[PDB]
Every structure is written in C-alpha cells, then in structure tokens.
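Reading through the structure tokens given below for one structure.
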Amino acid sequence: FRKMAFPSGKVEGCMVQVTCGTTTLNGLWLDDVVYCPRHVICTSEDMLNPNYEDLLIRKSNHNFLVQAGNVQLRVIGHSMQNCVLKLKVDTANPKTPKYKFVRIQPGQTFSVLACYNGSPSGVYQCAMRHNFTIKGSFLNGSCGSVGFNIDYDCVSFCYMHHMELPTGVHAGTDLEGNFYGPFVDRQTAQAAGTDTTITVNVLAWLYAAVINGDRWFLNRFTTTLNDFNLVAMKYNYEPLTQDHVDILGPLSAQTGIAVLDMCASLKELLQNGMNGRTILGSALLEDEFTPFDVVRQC
Amino acid sequence: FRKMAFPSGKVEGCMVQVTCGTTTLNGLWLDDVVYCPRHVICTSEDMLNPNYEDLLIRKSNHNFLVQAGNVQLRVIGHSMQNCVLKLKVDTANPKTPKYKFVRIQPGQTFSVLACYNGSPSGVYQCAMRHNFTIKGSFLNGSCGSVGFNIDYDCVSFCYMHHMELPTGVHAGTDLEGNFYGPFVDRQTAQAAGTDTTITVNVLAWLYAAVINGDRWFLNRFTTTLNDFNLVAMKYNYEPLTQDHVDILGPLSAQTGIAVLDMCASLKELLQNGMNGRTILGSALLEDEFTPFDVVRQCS
Ligand SMILES: *[C@H](O)[C@H](C[C@@H]1CCNC1=O)NC(=O)[C@H](CC(C)C)NC(=O)OCc1ccccc1
Ligand SMILES: *[C@H](O)[C@H](C[C@@H]1CCNC1=O)NC(=O)[C@H](CC(C)C)NC(=O)OCc1ccccc1
C-alpha cells in the first residue's frame with residue numbers, strides 16, 4: 001500500500017497566477033472567475049496586522065494581474081468572500097472541468113497540486129488532521145494551491161492553501177474562503193491544537209490488512225460505539241461518528257467483519273499493544289488511508 | 001516532507017486503450033504512434049511461453065483496436081521493438097508534449113501514472129531498485145502505464161509497466177522495450193536478485209529529516225568512507241561512491257553536517273536499529289528520495 005494521488009491534469013488546466021503589487025500567489029480559474037487567497041492584496045508589512053476590508057477598498061479591477069502562463073486575463077470585477085478573493089475575468093476557461101466545492105471533515109484525504117507562480121510543481125496526498133491542519137509540503141509562493149478529490153471526472157475542490165504554522169504544519173480554507181479550524185489569515189503566532197489518531201482510517205487499514213490475509217488481530221469480542229469511543233479517547237484516538245460507521249460499510253461487507261467487531265479488535269490492540277507482531281508489514285498503525293482510499297487502491 | 005509526484009496532465013493526454021482479441025491494456029500515444037506492451041497480442045494460452053515474432057506475423061492492422069477516450073484511432077502500421085509494440089495510427093496526437101525516451105539507473109526516482117482502460121487512475125512516486133524492480137501499485141489492466149520525469153515542460157519517459165512478481169513488486173521496460181532486470185514477458189513466477197538498498201537515497205532522506213527538524217539519530221562519531229562501506233555491505237546496502245558523496249554536497253552544506261558524519265549516523269542506525277523511534281513519521285529507513293528530490297522539495 002502506498003499514498004496515491006488523483007491524476008492532476010484537470011486541475012492543472014485551472015491554475016493561474018494572481019499578483020497585487022509584488023505579492024504573487026496562485027489562483028483557481030473556473031469558468032470566468034478566479035479564486036485566490038485574499039492576502040494577495042497585502043504588502044509583507046501589512047500581513048502582520050491586516051484590515052482586509054480597508055485594504056480592498058483601495059483596490060480596483062486594474063490593480064490585479066491575473067496570468068495564465070504569461071498571458072494576462074483582464075479582471076472585470078472583484079469581491080471578497082470570507083478569506084478568498086473572487087476575480088471575475090473576461091475569458092471563460094476552456095479547460096474548466098465538471099466540478100463542485102466541498103467542505104471536508106478531519107480524516108478525509110485529498111490530493112494537493114503544489115503550485116508556484118501559477119505553474120504546477122508536484123502532487124501528493126494529504127489528510128486533514130483532527131486539529132484541522134494538514135501535513136503538507138509548501139514553500140514560499142505556494143498559497144492558492146488547491147486540494148481536490150475526483151469522482152467520475154467531477155473535481156471536488158476542498159482546500160486552498162493559506163499559511164504555515166510554527167510547528168511546520170499547514171492551514172487553509174475551503175473554496176468559499178472558510179478556514180478549516182480556528183485559524184486566521186494574519187501573520188501572527190498561532191498554534192495547532194492537539195492532534196489525534198484518525199480512528200476511522202486506522203479501521204480502514206485493518207480491513208485492508210484482512211483483505212490481504214493478515215488477520216491475527218481479529219478477536220472474538222464486540223463493543224458498542226459509545227463504549228469504544230470512550231476507550232479510544234483515552235488513547236488519543238478520535239471518536240467515531242455515525243458517518244464514519246457508514247463509510248466503513250463497503251469494507252465491512254467485503255470482509256464480512258462487522259464494524260463494531262473491528263472496533264473491538266482495535267480496542268484490544270490499543271490496550272494490549274502489537275506484542276512484537278506486525279500488520280501489513282508494519283508495527284505502526286497507519287491513519288492516512290480512508291475507507292475510500294482502501295477501496296480505490298484495492 | 002512528502003513523496004511528491006510530478007503533475008500528470010502532460011502524460012494523461014497521451015493515454016489510450018489498446019485491445020487485441022480478449023486482452024486489453026494501455027498505450028502511450030505520441031504524435032502518430034501508440035506504444036504498448038507486446039503481450040497485448042497474446043491470448044490466455046499464448047502467455048505461458050509466447051513466440052512473439054510468430055504471434056505478431058499472424059496479426060493484421062485491424063486486429064488492433066485503439067480507443068482514445070470516445071474516439072477510435074485507425075491503425076495503419078505495426079512493428080515490434082523488443083517487448084514494446086508500435087502501432088502507427090492515422091491521427092497525430094495534438095496533446096503530444098515535448099518528450100524524450102530515457103533509460104534510468106537504479107536509485108533514480110520517477111512518477112507513475114497508473115491507468116486502466118486508457119483512463120488515468122492515480123499518480124505516485126516510485127524508485128528503480130538495485131535489483132531492477134519497483135514497488136508499485138498495479139492491478140489487472142494496468143500494463144502500458146508509464147513512469148516519467150518532467151523537467152522544464154519536457155516529459156522524460158523511463159518506464160512502461162508489464163508484470164507483477166510473486167513477492168508483489170513490479171517489473172517493466174524502458175520505452176525501447178528492454179526490461180529493467182532479468183525478467184521476461186512470459187506468464188511465469190519470477191524472482192528478483194537480492195534487493196540491495198540505495199544508500200545515497202537513505203542519506204538524502206536523513207538530511208531531509210534534519211532540514212525538517214529531526215535530529216535524534218545524529219551523533220558525534222565519524223567514519224571513513226571505506227569503514228562505512230564495510231558496514232553498509234554487511235547490511236545489504238549499496239557501497240557509497242565518491243560521486244555519491246559529491247552529489248550529497250548541497251545537502252551537507254545546507255545542514256552543516258558533513259557527509260561522512262551522516263554516514264556515521266546511518267551506521268549506528270543499521271547496527272542499533274531505531275529502537276521504536278521514528279524519522280519523518282517512518283519506522284523504517286526510506287530509500288525512495290534521491291538527493292535531487294530532497295533539494296527540489298525542500299527548496
Ligand atoms: C503563501 O504563499 C504563504 C505560504 C507559506 C509560505 C511558507 N510556507 C507556507 O506554507 N503564506 C504566508 O506566508 C502566510 C500569509 C499570512 C497573511 C497568512 N503567512 C504565514 O504562513 O506565516 C508563517 C510563515 C511565513 C513565512 C515562512 C514560514 C512560515
Ligand atoms: C498487465 O496488465 C499485467 C499487470 C499485472 C496484473 C496483476 N498486477 C500486475 O501488475 N501483467 C500481467 O498480467 C503479466 C502478463 C505478461 C507477463 C505476459 N503477468 C504477470 O504479471 O503475472 C506474473 C506472474 C505469473 C505467474 C505467477 C506469478 C506471477
């Protein structure tokens with residue numbers, strides 16, 4: 001098993017660069033709108049304590065340089081929606097895929113198309129952590145890079161990149177400009193909350209192990225969801241939601257192992273350890289493969 | 001620090017489906033030629049011990065069905081180069097990127113665009129191992145998927161996928177149809193040579209760990225190149241050459257940790273183990289980042 005990104009071609013065709021003054025970042029060009037982080041309107045000194053409403057008052061359409069490659073797209077309108085800027089341009093993107101904007105939950109994974117100066121650079125899989133950070137790979141100029149999932153050639157955009165935290169993890173918004181978690185786009189010291197292990201994904205990994213014949217950890221016990229959740233929190237594991245139980249449905253059917261039976265196996269693992277044994281070749285439980293990632297890969 | 005693949009769009013526009021009889025796989029469509037694994041011409045019975053030249057002479061252009069999305073391409077010529085089939089089509093691919101065919105050496109990394117039925121499915125980074133296998137994620141129908149690197153808009157194709165070994169690792173050819181390693185495109189269980197670890201990559205990844213604030217494995221000890229190589233060979237690691245030491249130059253200068261000081265760190269790790277500790281979130285020593293991969297992602 002390995003982390004596998006979605007093919008990025010549909011998103012590459014939507015990446016542009018957006019510049020205000022000397023501040024440059026990436027934007028997402030869908031139909032005749034470009035979406036980008038609103039701090040493009042900041043000077044480096046104003047990022048310390050910006051008043052975005054006041055800064056935007058002083059901007060006009062002609063203050064924004066939007067380029068596809070070195071080709072300028074004329075801006076014909078602008079507005080701010082939460083922490084993103086929406087720039088109306090005079091050209092509809094002929095490479096616009098079928099798409100939706102979605103807000104994801106902790107645990108969900110997505111592909112990141114890392115971009116610099118509007119040019120795609122790399123693609124990799126990320127998971128949204130419990131503290132609403134992602135363990136990304138982002139350098140200066142990466143803001144406006146997006147995270148996405150693809151379902152039958154429809155691109156679901158779920159993340160746009162805005163900042164790095166002091167711990168080295170990253171924070172951003174959905175495509176409506178609403179940050180994930182309690183962060184703000186100000187260059188002020190901020191701290192990620194405590195992280196937890198993503199229970200639903202560890203369970204998916206246990207099902208993946210069972211599908212491949214590694215099933216020593218299956219025990220004879222069951223549990224209720226509430227009893228499991230209370231024990232799991234003592235090991236810094238996330239409690240399960242009803243949506244989590246449901247998204248494990250397909251893997252449960254495939255293996256014939258009830259979701260709550262698997263929880264009982266995981267609870268035994270947490271309370272007793274692995275005992276010098278291994279699961280899918282490792283003694284560490286993996287928590288960045290969703291149930292969909294397991295089925296998609298298998 | 002993540003395993004990052006190149007953006008796959010330039011390759012996606014080249015993937016097509018190639019069907020011969022009952023067998024379906026992927027092809028790579030560049031200009032007016034489609035490249036695909038030659039075992040597409042086999043039936044289920046041909047695969048055990050196929051005489052490919054004999055099987056191919058009995059095929060006509062119309063035995064090959066090539067679908068590009070929803071459009072069928074017309075095959076107007078076919079030839080075989082080693083384990084690769086070249087189908088000439090009557091249409092030039094307008095999305096053909098600037099490209100090169102390259103044969104990579106062990107330790108080099110590349111991105112894989114996994115495809116089924118001519119449709120891209122996922123992208124991930126692989127490395128050519130010392131025994132010329134790769135640790136991929138490939139299922140039935142993935143043959144003809146390609147591996148590649150991208151440098152200033154030019155796609156360097158280095159791998160075409162052909163087979164899975166019983167150990168679960170994968171084998172294939174360059175785009176001239178020559179296998180990496182001692183493998184053959186016949187339906188038999190084949191073993192690889194001993195899998196020696198690419199030492200220069202493990203050292204690059206340790207430098208990546210330091211650049212990202214991980215230092216628990218560092219020590220004050222030092223080692224000569226030959227004394228390090230004695231321990232490396234004992235643990236089935238490839239010997240480090242002076243060229244490897246030079247290639248690690250930029251990472252050494254950036255961290256201030258001499259290459260041989262990092263070698264003494266790795267030697268301790270090999271002899272003492274990691275003792276339950278982790279490096280960049282990994283419990284094992286990662287060997288699929290080249291020095292260039294580390295410098296590119298880290299800067
Ligand atoms: C946008 O390109 C940039 C992304 C940062 C650059 C370093 N790594 C990243 O992920 N975002 C910012 O610079 C952001 C702007 C504020 C208005 C939110 N500030 C920020 O991330 O502060 C932390 C930081 C800044 C510079 C280097 C390292 C961390
Ligand atoms: C091409 O789509 C396919 C890729 C394999 C399918 C399973 N996972 C893959 O990566 N290639 C083959 O099926 C290949 C056919 C040529 C060698 C003619 N055969 C194969 O990989 O089987 C290897 C094997 C044969 C016998 C015992 C154990 C392994």
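Starting from 1 in every chain, residues are counted up; chains themselves are A, B, ... following the order of the structure tokens, and ligands are numbered from 1 as listed.
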Kindly work out which residues sit at most 10 Å from ligand 2, using only C-alpha atoms and all ligand atoms, and give the list as an mmCIF file with C-alpha atoms, in the first residue's frame.
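Below is the file that was written, pocket_34.cif:
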```cif
data_model
loop_
_atom_site.group_PDB
_atom_site.id
_atom_site.type_symbol
_atom_site.label_atom_id
_atom_site.label_comp_id
_atom_site.auth_asym_id
_atom_site.auth_seq_id
_atom_site.Cartn_x
_atom_site.Cartn_y
_atom_site.Cartn_z
ATOM 1 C CA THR B 23 -6.777 -8.719 -23.987
ATOM 2 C CA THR B 24 -6.997 -5.062 -23.019
ATOM 3 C CA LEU B 25 -4.278 -2.705 -21.833
ATOM 4 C CA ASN B 26 -2.997 0.859 -22.085
ATOM 5 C CA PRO B 37 3.361 -3.866 -24.198
ATOM 6 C CA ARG B 38 3.612 -6.549 -26.852
ATOM 7 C CA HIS B 39 1.779 -9.174 -24.799
ATOM 8 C CA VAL B 40 -1.468 -7.445 -25.842
ATOM 9 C CA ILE B 41 -1.302 -9.697 -28.911
ATOM 10 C CA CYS B 42 -1.306 -12.827 -26.754
ATOM 11 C CA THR B 43 -4.292 -14.938 -25.883
ATOM 12 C CA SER B 44 -4.544 -16.574 -22.461
ATOM 13 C CA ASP B 46 -0.068 -17.767 -25.628
ATOM 14 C CA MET B 47 1.181 -16.179 -22.405
ATOM 15 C CA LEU B 48 2.846 -19.230 -20.816
ATOM 16 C CA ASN B 49 5.580 -19.433 -23.499
ATOM 17 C CA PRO B 50 4.886 -16.971 -26.283
ATOM 18 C CA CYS B 115 -4.117 3.689 -15.841
ATOM 19 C CA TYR B 116 -6.904 1.206 -16.566
ATOM 20 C CA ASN B 117 -8.720 1.003 -19.905
ATOM 21 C CA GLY B 136 4.290 -0.046 -7.441
ATOM 22 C CA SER B 137 0.532 -0.246 -7.019
ATOM 23 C CA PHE B 138 -0.677 -2.021 -10.147
ATOM 24 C CA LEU B 139 -3.697 -4.249 -10.813
ATOM 25 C CA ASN B 140 -5.070 -6.217 -13.749
ATOM 26 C CA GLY B 141 -5.266 -3.970 -16.782
ATOM 27 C CA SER B 142 -2.520 -1.588 -15.665
ATOM 28 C CA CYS B 143 0.023 -2.731 -18.262
ATOM 29 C CA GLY B 144 1.110 0.083 -20.530
ATOM 30 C CA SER B 145 1.031 2.560 -17.660
ATOM 31 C CA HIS B 161 4.634 -1.491 -16.903
ATOM 32 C CA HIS B 162 4.470 -5.211 -17.778
ATOM 33 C CA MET B 163 4.319 -7.540 -14.779
ATOM 34 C CA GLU B 164 3.949 -8.270 -11.081
ATOM 35 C CA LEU B 165 6.316 -10.696 -9.357
ATOM 36 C CA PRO B 166 5.069 -13.158 -6.711
ATOM 37 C CA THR B 167 6.648 -11.011 -3.979
ATOM 38 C CA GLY B 168 4.290 -8.228 -5.072
ATOM 39 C CA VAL B 169 6.896 -5.937 -6.635
ATOM 40 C CA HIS B 170 6.723 -4.934 -10.282
ATOM 41 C CA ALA B 171 8.796 -5.149 -13.433
ATOM 42 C CA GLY B 172 8.747 -3.482 -16.802
ATOM 43 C CA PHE B 183 12.724 -10.540 -16.324
ATOM 44 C CA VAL B 184 10.815 -11.827 -19.352
ATOM 45 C CA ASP B 185 7.272 -11.105 -20.546
ATOM 46 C CA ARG B 186 6.022 -14.641 -20.033
ATOM 47 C CA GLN B 187 3.370 -15.791 -17.545
ATOM 48 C CA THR B 188 5.729 -17.438 -15.049
ATOM 49 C CA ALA B 189 6.644 -16.818 -11.422
ATOM 50 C CA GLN B 190 9.955 -14.952 -11.459
ATOM 51 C CA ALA B 191 12.248 -13.993 -8.587
#
```
Item to complete: Please identify the residues whose atoms come within 7 Å of ligand 1, using only C-alpha atoms and all ligand atoms, and report them as a PyMOL selection string.
Response: chain A and resi 25+39+47+138-143+162-166+170+185-187
Any chance you could export the current selection's N, CA and C atoms as a short mmCIF file (atom, residue, chain, number, x, y, z; two decimals), in the first residue's frame?
```cif
data_model
loop_
_atom_site.label_atom_id
_atom_site.label_comp_id
_atom_site.auth_asym_id
_atom_site.auth_seq_id
_atom_site.Cartn_x
_atom_site.Cartn_y
_atom_site.Cartn_z
N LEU A 25 0.71 34.96 -5.86
CA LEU A 25 0.26 33.66 -5.39
C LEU A 25 -0.54 33.01 -6.50
N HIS A 39 -5.16 37.40 1.02
CA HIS A 39 -3.96 38.13 1.39
C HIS A 39 -3.05 38.47 0.21
N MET A 47 0.80 42.09 6.38
CA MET A 47 0.37 40.76 6.79
C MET A 47 0.46 40.57 8.30
N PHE A 138 4.89 22.72 1.42
CA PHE A 138 4.61 24.02 0.83
C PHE A 138 5.77 24.96 1.11
N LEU A 139 6.20 25.67 0.08
CA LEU A 139 7.24 26.69 0.15
C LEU A 139 6.63 28.07 -0.07
N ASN A 140 7.46 29.10 0.05
CA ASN A 140 7.01 30.45 -0.25
C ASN A 140 6.40 30.49 -1.65
N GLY A 141 5.29 31.22 -1.80
CA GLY A 141 4.62 31.32 -3.08
C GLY A 141 3.64 30.20 -3.40
N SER A 142 3.43 29.27 -2.49
CA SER A 142 2.53 28.15 -2.72
C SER A 142 1.07 28.47 -2.44
N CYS A 143 0.76 29.61 -1.80
CA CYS A 143 -0.62 29.92 -1.45
C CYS A 143 -1.51 29.93 -2.68
N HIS A 162 -3.29 28.61 2.59
CA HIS A 162 -3.05 29.98 3.04
C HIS A 162 -1.81 30.19 3.92
N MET A 163 -1.40 29.23 4.74
CA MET A 163 -0.35 29.58 5.70
C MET A 163 0.31 28.36 6.31
N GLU A 164 1.48 28.60 6.88
CA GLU A 164 2.21 27.61 7.67
C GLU A 164 2.18 28.00 9.14
N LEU A 165 1.96 27.03 10.00
CA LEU A 165 2.00 27.23 11.44
C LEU A 165 3.42 27.02 11.97
N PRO A 166 3.72 27.54 13.17
CA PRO A 166 5.08 27.36 13.71
C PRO A 166 5.52 25.91 13.83
N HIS A 170 0.31 22.97 8.08
CA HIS A 170 -0.26 23.98 7.20
C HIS A 170 -1.75 24.12 7.44
N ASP A 185 -6.09 34.42 8.72
CA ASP A 185 -5.03 34.80 7.80
C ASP A 185 -4.33 36.09 8.21
N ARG A 186 -3.59 36.00 9.30
CA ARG A 186 -2.80 37.09 9.82
C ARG A 186 -1.47 36.47 10.19
N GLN A 187 -0.37 37.14 9.89
CA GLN A 187 0.93 36.56 10.19
C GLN A 187 1.29 36.84 11.64
#
```
Worksheet item: Which polymer residues have any atom within 9 Å of an atom of residue 263 of chain B, counting only C-alpha atoms, with same-chain residues fewer than 2 positions away left out, as a ChimeraX atom specification?
Response: /B:203,222-225,228,258-261,265-268
Worksheet entry | Residues of chain A within 7 Å of chain B, only C-alpha atoms counted, as JSON, numbers by chain | {"A": [4, 5, 6, 7, 8, 9, 12, 120, 121, 122, 123, 124, 137]}
Worksheet item: Which residue gives the smallest distance to residue 237 of chain B among B:81, B:275, B:111, B:196, with only C-alpha atoms counted?
Response: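 When distances to residue 237 of chain B are compared using only C-alpha atoms, the smallest one comes from B:196.
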Contact table segment 162-253 of chain A vs segment 82-85 of chain A, cut-off 12 Å, shortest pair per residue, only C-alpha atoms, as JSON lines:
```
{"residue": "A:162", "atom": "CA", "partner": "A:83", "partner_atom": "CA", "distance": 9.1}
{"residue": "A:163", "atom": "CA", "partner": "A:83", "partner_atom": "CA", "distance": 11.9}
{"residue": "A:172", "atom": "CA", "partner": "A:83", "partner_atom": "CA", "distance": 9.3}
{"residue": "A:173", "atom": "CA", "partner": "A:83", "partner_atom": "CA", "distance": 7.5}
{"residue": "A:174", "atom": "CA", "partner": "A:84", "partner_atom": "CA", "distance": 9.0}
{"residue": "A:175", "atom": "CA", "partner": "A:84", "partner_atom": "CA", "distance": 7.5}
{"residue": "A:176", "atom": "CA", "partner": "A:84", "partner_atom": "CA", "distance": 6.8}
{"residue": "A:177", "atom": "CA", "partner": "A:83", "partner_atom": "CA", "distance": 4.4}
{"residue": "A:178", "atom": "CA", "partner": "A:82", "partner_atom": "CA", "distance": 6.1}
{"residue": "A:179", "atom": "CA", "partner": "A:83", "partner_atom": "CA", "distance": 7.5}
{"residue": "A:180", "atom": "CA", "partner": "A:83", "partner_atom": "CA", "distance": 11.2}
{"residue": "A:183", "atom": "CA", "partner": "A:83", "partner_atom": "CA", "distance": 10.9}
{"residue": "A:184", "atom": "CA", "partner": "A:83", "partner_atom": "CA", "distance": 8.6}
{"residue": "A:185", "atom": "CA", "partner": "A:83", "partner_atom": "CA", "distance": 7.4}
{"residue": "A:186", "atom": "CA", "partner": "A:83", "partner_atom": "CA", "distance": 10.7}
```
Practice prompt. Determine which residues of segment 75-223 of chain A DSSP labels as strand (DSSP E or B) from the backbone of this structure, then write them out as a PyMOL selection string.
Written response: chain A and resi 75-81+84-89+98-101+109-116+119-128+134+146-151+154-164+170-173+179+197
Worksheet item: segment 171-273 of chain A: which residues are helix (DSSP H, G or I) by DSSP, as a PyMOL selection string?
Response: chain A and resi 199-211+225-233+242-247+249-255+259-272
Could you write those residues out with C-alpha atoms, as a PDB file, in the first residue's frame?
```pdb
ATOM      1  CA  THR A 199      -9.758   6.130  14.134  1.00  0.00           C
ATOM      2  CA  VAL A 200     -11.862   5.564  11.023  1.00  0.00           C
ATOM      3  CA  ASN A 201      -8.730   5.391   8.859  1.00  0.00           C
ATOM      4  CA  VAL A 202      -6.932   3.003  11.184  1.00  0.00           C
ATOM      5  CA  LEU A 203     -10.009   0.754  10.948  1.00  0.00           C
ATOM      6  CA  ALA A 204      -9.887   1.039   7.156  1.00  0.00           C
ATOM      7  CA  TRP A 205      -6.247  -0.024   7.300  1.00  0.00           C
ATOM      8  CA  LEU A 206      -7.240  -3.004   9.472  1.00  0.00           C
ATOM      9  CA  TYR A 207      -9.825  -4.002   6.840  1.00  0.00           C
ATOM     10  CA  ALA A 208      -7.155  -3.569   4.154  1.00  0.00           C
ATOM     11  CA  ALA A 209      -4.968  -5.981   6.137  1.00  0.00           C
ATOM     12  CA  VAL A 210      -7.818  -8.506   6.392  1.00  0.00           C
ATOM     13  CA  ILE A 211      -8.472  -8.276   2.628  1.00  0.00           C
ATOM     14  CA  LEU A 225     -19.984   2.548  19.611  1.00  0.00           C
ATOM     15  CA  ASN A 226     -20.182   4.610  22.794  1.00  0.00           C
ATOM     16  CA  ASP A 227     -18.043   2.201  24.841  1.00  0.00           C
ATOM     17  CA  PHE A 228     -15.446   2.173  22.056  1.00  0.00           C
ATOM     18  CA  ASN A 229     -15.458   5.972  21.746  1.00  0.00           C
ATOM     19  CA  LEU A 230     -14.837   6.449  25.473  1.00  0.00           C
ATOM     20  CA  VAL A 231     -11.919   3.993  25.479  1.00  0.00           C
ATOM     21  CA  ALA A 232     -10.472   5.326  22.220  1.00  0.00           C
ATOM     22  CA  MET A 233     -10.299   8.869  23.600  1.00  0.00           C
ATOM     23  CA  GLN A 242     -22.368   7.712  12.511  1.00  0.00           C
ATOM     24  CA  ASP A 243     -20.953   8.856   9.148  1.00  0.00           C
ATOM     25  CA  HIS A 244     -17.709   7.025   9.986  1.00  0.00           C
ATOM     26  CA  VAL A 245     -19.575   3.796  10.708  1.00  0.00           C
ATOM     27  CA  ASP A 246     -21.436   4.181   7.416  1.00  0.00           C
ATOM     28  CA  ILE A 247     -18.367   4.869   5.271  1.00  0.00           C
ATOM     29  CA  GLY A 249     -19.895  -0.194   5.293  1.00  0.00           C
ATOM     30  CA  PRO A 250     -18.421  -1.382   1.987  1.00  0.00           C
ATOM     31  CA  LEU A 251     -15.232  -2.740   3.604  1.00  0.00           C
ATOM     32  CA  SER A 252     -17.302  -4.421   6.299  1.00  0.00           C
ATOM     33  CA  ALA A 253     -19.450  -6.131   3.663  1.00  0.00           C
ATOM     34  CA  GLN A 254     -16.396  -7.186   1.630  1.00  0.00           C
ATOM     35  CA  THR A 255     -14.699  -8.883   4.574  1.00  0.00           C
ATOM     36  CA  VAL A 259     -17.741  -2.511  12.021  1.00  0.00           C
ATOM     37  CA  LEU A 260     -18.153  -2.862  15.805  1.00  0.00           C
ATOM     38  CA  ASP A 261     -16.354  -6.207  15.816  1.00  0.00           C
ATOM     39  CA  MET A 262     -13.410  -4.459  14.157  1.00  0.00           C
ATOM     40  CA  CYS A 263     -13.592  -1.677  16.755  1.00  0.00           C
ATOM     41  CA  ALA A 264     -13.339  -4.387  19.406  1.00  0.00           C
ATOM     42  CA  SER A 265     -10.201  -5.710  17.692  1.00  0.00           C
ATOM     43  CA  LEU A 266      -8.732  -2.211  17.558  1.00  0.00           C
ATOM     44  CA  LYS A 267      -9.553  -1.645  21.236  1.00  0.00           C
ATOM     45  CA  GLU A 268      -7.627  -4.816  22.086  1.00  0.00           C
ATOM     46  CA  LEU A 269      -4.679  -3.534  20.046  1.00  0.00           C
ATOM     47  CA  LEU A 270      -4.717  -0.248  21.934  1.00  0.00           C
ATOM     48  CA  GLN A 271      -4.977  -1.821  25.387  1.00  0.00           C
ATOM     49  CA  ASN A 272      -2.505  -4.676  24.821  1.00  0.00           C
TER      50      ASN A 272
END
```
Fill in: Near-residue 104 of chain B list (10 Å; only C-alpha atoms; drop same-chain fewer than 4 positions) as a VMD selection string
chain B and resid 108 to 110 127 to 128 148 156 to 159 174 180
For those residues, write N, CA, C and O atoms to a file as a CSV table (one decimal), in the first residue's frame.
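So the final result, stored in selection15.csv, reads:
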```csv
chain,number,residue,atom,x,y,z
B,108,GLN,N,17.3,6.0,-9.2
B,108,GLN,CA,16.6,7.2,-9.7
B,108,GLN,C,15.1,7.0,-9.5
B,108,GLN,O,14.6,5.8,-9.4
B,109,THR,N,14.4,8.1,-9.3
B,109,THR,CA,13.0,8.1,-9.0
B,109,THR,C,12.2,8.6,-10.2
B,109,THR,O,12.8,9.2,-11.1
B,110,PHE,N,11.0,8.2,-10.3
B,110,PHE,CA,10.1,8.7,-11.3
B,110,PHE,C,8.7,8.6,-10.9
B,110,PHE,O,8.3,7.9,-9.9
B,127,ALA,N,10.7,4.3,-7.2
B,127,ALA,CA,12.2,4.3,-7.4
B,127,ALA,C,12.6,3.0,-8.1
B,127,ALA,O,12.0,2.0,-7.8
B,128,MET,N,13.5,3.1,-9.1
B,128,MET,CA,14.1,1.9,-9.6
B,128,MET,C,15.0,1.3,-8.6
B,128,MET,O,16.0,1.9,-8.2
B,148,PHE,N,7.7,8.4,-15.5
B,148,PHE,CA,8.2,9.6,-16.2
B,148,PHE,C,8.8,10.6,-15.2
B,148,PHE,O,8.4,10.6,-14.0
B,156,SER,N,10.3,13.1,-19.8
B,156,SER,CA,11.2,12.0,-20.0
B,156,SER,C,10.6,10.7,-19.6
B,156,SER,O,10.4,10.4,-18.4
B,157,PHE,N,10.1,9.9,-20.5
B,157,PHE,CA,9.5,8.6,-20.2
B,157,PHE,C,10.6,7.6,-20.0
B,157,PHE,O,11.5,7.4,-20.8
B,158,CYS,N,10.5,6.9,-18.8
B,158,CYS,CA,11.6,5.9,-18.5
B,158,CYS,C,11.0,4.5,-18.2
B,158,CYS,O,11.9,3.6,-18.1
B,159,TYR,N,9.7,4.3,-18.1
B,159,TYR,CA,9.2,3.0,-17.6
B,159,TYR,C,7.9,2.8,-18.3
B,159,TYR,O,7.0,3.7,-18.5
B,174,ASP,N,11.9,-0.1,-20.4
B,174,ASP,CA,12.0,1.3,-20.9
B,174,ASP,C,11.1,1.4,-22.2
B,174,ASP,O,10.5,0.5,-22.6
B,180,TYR,N,14.0,-3.6,-17.6
B,180,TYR,CA,14.8,-3.5,-16.4
B,180,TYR,C,14.9,-4.8,-15.7
B,180,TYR,O,13.9,-5.3,-15.3
```
Worksheet item: Please, what distance in Å, to one decimal, runs between atom CA of residue 132 of chain B and atom CA of residue 181 of chain B?
Response: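 Between atom CA of residue 132 of chain B and atom CA of residue 181 of chain B the gap is 4.8 Å.
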Worksheet item: With only C-alpha atoms as the basis for distance, which of B:249, B:94, B:82, B:99 is at the shortest distance from residue 177 of chain B?
Response: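 Ranking B:249, B:94, B:82, B:99 by distance to residue 177 of chain B, first place goes to B:82.
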